[PDB]
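Below is one structure, written out as structure tokens, with a few remarks after it.
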Ligand SMILES: [Zn+2]
Ligand SMILES: [Zn+2]
Ligand SMILES: [Zn+2]
């Protein structure tokens, strides 16, 4: 019925990359997790660049990669 993530095998406790903080490949230190609305992806304070010592006062949270001008190159030659 819901978003049944095949990577999790439905179970949250299994090491599934696409629901973890990919920057260190883990879900640990939940206190320091910062989720990115548009990336659908968990991060950590100590996994940011510049690494924040504390949570920002911004309710909506975008990672540095969201304002990075060096975007991924959409591969041509279809
Ligand atoms: Zn998952
Ligand atoms: Zn992390
Ligand atoms: Zn982001």
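In the deposited numbering, the protein residues as written are 303 to 380.
Even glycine gets a Cβ: it sits at the ideal position worked out from N, Cα and C.
DSSP, read as helix, strand or coil, puts residue 341 in coil. Annotated three-state conformation of residue 318 is coil, per DSSP. Checking the DSSP bridge columns, you'll see residue 323 partnered with 328. If you draw a straight line from the Cα of residue 336 to the Cα of residue 364, it is about 9 Å long. Closest by C-alpha distance to residue 341, out of 308, 362, 352, is 362. Residue 347 carries a helical assignment under DSSP once its states are collapsed to helix, strand and coil.
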